[PDB]
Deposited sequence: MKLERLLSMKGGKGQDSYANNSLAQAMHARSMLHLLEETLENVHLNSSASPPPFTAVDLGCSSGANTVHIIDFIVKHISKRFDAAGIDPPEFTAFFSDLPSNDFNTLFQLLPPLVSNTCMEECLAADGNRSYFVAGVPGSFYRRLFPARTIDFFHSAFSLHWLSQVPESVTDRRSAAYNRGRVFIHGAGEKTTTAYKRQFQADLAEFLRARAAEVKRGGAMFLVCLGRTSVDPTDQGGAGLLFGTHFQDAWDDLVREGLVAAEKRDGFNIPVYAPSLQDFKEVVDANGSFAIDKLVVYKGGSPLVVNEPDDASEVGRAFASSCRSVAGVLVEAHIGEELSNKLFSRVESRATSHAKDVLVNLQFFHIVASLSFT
């Protein structure tokens, strides 16, 4: 976990690039967490954001403006849960983390399109969300197209016609997103983006996500077709709607939108997304690995397959991962891509 202290730095830097209102009485400040969820991660970065902005204001001898935080995700996000975590609003002029000193709002809808009125947001934040395709590309779901991913469940495996269908899908999504964002930022505002990426030149090698969805996860899918309970043209009809861009893929769309300035762009290693308390323990490797896959896209498996038929798959992965626990602690690395954008 000693890389979050390093990542909070990149965020600090983008936060510096934001044009603060000079006036003695600056108008309310708006911050948005895009692709929030229902966890505490969302509330903590919002906390961090308004905290730093306030500290800037104090550095110029100004009272911090009023703050609104928007928590944006798909209508299927568990806002109910999110809303119960939100700390209560500060009282009168016994005070002193813990409490909240900003207004809140949860925003339902896809961020691959407009979510807010024009020019009303100061700071957009997004983390580990932009790698989720708006949909499976139509062409890979068409049995007669060359992009139809027969026998893989994901694009790590192979198929140029399949891999380039995903990338196009990514770049359209991210284009729509950027256009939406540009219309919504204030003149002097900025954007912090972090999604997972890859270093591979070829979309067929999906780095981290490749080893997360393309090893034990499709092998379990292959063990439920080497059984009964699941058909062959069934696993072929299931496609994880996820693409991990390279710098090139990301950067292209940016200077093509041309609304945002690139203040900073970085690909690095923030590998190993498994909380493992006993490293040498072969079985903990299993359930950890499995538990990621579940939280990521377990809802999709059950919308395409049985709910108990999924518990046998997610039961085979966590059997696979322990078997091959050696090649996992060593080979499961995630590459990150961060973008620090400013408008104008």
property: Regions of the deposited sequence not represented in the model; result: 1-25, 119-120, 124-126
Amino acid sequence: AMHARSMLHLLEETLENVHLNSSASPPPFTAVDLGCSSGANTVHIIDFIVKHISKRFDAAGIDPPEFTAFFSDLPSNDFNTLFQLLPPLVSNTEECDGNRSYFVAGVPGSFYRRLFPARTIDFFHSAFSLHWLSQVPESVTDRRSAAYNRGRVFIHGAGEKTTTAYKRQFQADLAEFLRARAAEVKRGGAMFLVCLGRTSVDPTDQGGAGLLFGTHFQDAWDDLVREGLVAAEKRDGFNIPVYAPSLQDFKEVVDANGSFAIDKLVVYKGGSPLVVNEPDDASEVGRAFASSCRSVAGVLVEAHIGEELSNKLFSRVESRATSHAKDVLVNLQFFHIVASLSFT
From here on, numbers count along this sequence of modelled residues.
query: Between 24-32 and 278-286 (mean CA B-factor, as deposited), the higher; finding: 278-286
query: Higher-scoring stretch by recorded Cα B factor average, 229-237 or 170-178; finding: 229-237
query: 89, 212, 140, 153, ranked by C-alpha B-factor: the highest one; finding: 89
query: Top Cα B factor in the deposited entry, candidates 165, 247, 242, 224; finding: 224
query: Position of residue 144 among the chain's modelled residues by C-alpha B-factor, lowest, middle or highest third; finding: highest
query: Modelled-residue ranking by C-alpha temperature factor, third containing residue 17; finding: middle
query: Entry-reported Cα temperature factor of residue 57, expressed as the chain third it lands in; finding: middle
query: Among modelled residues of the same chain, the CA temperature factor third for residue 63; finding: middle
query: Third of the chain's Cα B-factor distribution that residue 344 belongs to, per the entry; finding: middle
